[PDB]
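Just one chain follows, in the form deposited in one PDB entry, and it is written as C-alpha cells.
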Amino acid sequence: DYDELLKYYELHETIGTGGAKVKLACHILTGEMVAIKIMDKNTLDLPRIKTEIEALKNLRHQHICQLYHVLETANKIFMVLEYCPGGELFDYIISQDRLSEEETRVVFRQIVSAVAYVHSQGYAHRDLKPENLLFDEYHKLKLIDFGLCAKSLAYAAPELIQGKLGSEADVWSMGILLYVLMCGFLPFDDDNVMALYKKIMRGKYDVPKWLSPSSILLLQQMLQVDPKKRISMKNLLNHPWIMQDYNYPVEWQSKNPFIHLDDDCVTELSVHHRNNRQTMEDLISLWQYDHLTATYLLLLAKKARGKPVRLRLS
C-alpha cells in the first residue's frame, strides 16, 4: 500500500493518529517537508474525505493549508498537505492562558481572511475551531479540515444546530473563537450536551473584566442568536475593532493563484520534462493534484522561502 507513495516521498515518523493518521515526510524531488494524511478505506465516514479533497482542490489561499498530491490505492487514500510545524492554535492558547487584545487581533485577521475567501468561492467551513487552525513555519495561521464543508457543539451556531444559511454560521463560530482567544475558555459550556444546546439558544455569556468595550461590542455583534441580526462577513472585514492599529481592512483575496504561473518554476519543470515552455504551462494548469501539481507547488514554496528553484534530480 505504501508502494506508489514511496516513489515520491521519504516517510518519517507518524505525528498524529485519530479515528485518519498523519505522517511527516520529505518530497524527494524538491527536498521540502510535507505532511501526509492517510485514510484506510475499509474502516470508513468516506464521503467526508471526498468533500475535503474536492474543497481543497478548488481552494487556494495564503491562510489555507495547501493540498499538493492526492493518491489512492485499492484500500488507502493519501492526501499530501503543507507541513505546519507550529502546531494547533488551541495548544498555543493553552500555553499562553489567553492572548492580549493586540495579539488576538493579529491572529484573528488571518482567520477572517481565510473564511472570507472560502465564502467568496461559495463554501462554508462549518467546523471552525482552534484545533482546525495551525501555525506554519512563519508563525502564520492555516485553516484545515474541510470534511464538513458545504456548497463541535461549542462552536456551532444556533441555526445550524436547529437545522434550517451557511455564511452566517461561520461568523458565529468565529465569534466563539474570538472569545476563546481573549478569555482562554468557552463562552458557552456544559458537561451535558442538551444543557449546552440550551445555553447556546439563550445566547447569554459571561463577559470578563479584562475585555475592552470595543471587544465586547464586536463579540455581541458576532454572537447574535438570530442570524439576520448577526454581523455579516463583509462588515467584519472593516469593523472598527479589526481596523484598530492597522487602519486598513482584512486582505482576504488570494495571493496564491490558479491562473498565473511562476516563470522560474515552469523553466525548471521544462528542463526536467524536455518540454517547451507553453506545453509545460498547459500541463501544470490542468491542476490534477498528481506529482506534477505537487512538485510545481513545492518549488514555489521553495522560492517563497528564499531557496533556489531547483529539482534534486538524483
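Here, rigid core means the biggest group of C-alpha atoms that superpose within 1.5 Å across both forms. All residue numbers are counted from 1 along the displayed sequence.
Across the other compared structures of the same protein with both neighbouring residues present, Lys129 carries coordinates in every case, with no third of them leaving it out.
Compared with other PDB entries of the same protein, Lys151 is missing from at least a third of those that resolve the residues around it. According to the entry, the deposited sequence runs straight from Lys228 to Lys229 with no unmodelled residues in between.
Coordinates are lacking for 10 or more deposited residues between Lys151 and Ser152. In this crystal structure, the stretch out of 107-115 and 134-142 whose C-alpha atoms carry the higher mean B factor is 134-142. In this crystal structure, the stretch out of 198-206 and 170-178 whose C-alpha atoms carry the higher mean B factor is 198-206. Take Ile38, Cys265, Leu67, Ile284 and read off each C-alpha B-factor from the entry; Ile38 has the highest. Looking only at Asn58, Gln62, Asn275, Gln288, the residue with the top Cα B factor in the deposited structure is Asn275. Split the chain's modelled residues into thirds by C-alpha temperature factor. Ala294 is in the lowest one. Annotation for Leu44: CA B-factor lies in the highest third of the chain's modelled residues. The entry lists a Cα temperature factor for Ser232 that places it in the middle third of the chain's modelled residues. When the modelled residues of the chain are ordered by C-alpha B-factor, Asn238 sits in the middle third. In the deposited entry, the Cα temperature factor of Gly147 places it in the middle third of its chain's modelled residues.
This next part talks about the form deposited in another entry, which is not shown.
The rigid-core alignment places the CA of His61 less than 2 Å apart between this form and the one not shown. Superposition on the rigid core between this form and the one not shown places the CA atom of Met280 2 Å or more away from its counterpart.
Taking the rigid core as fixed, one finds a CA shift for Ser254 smaller than 2 Å between this form and the one not shown.
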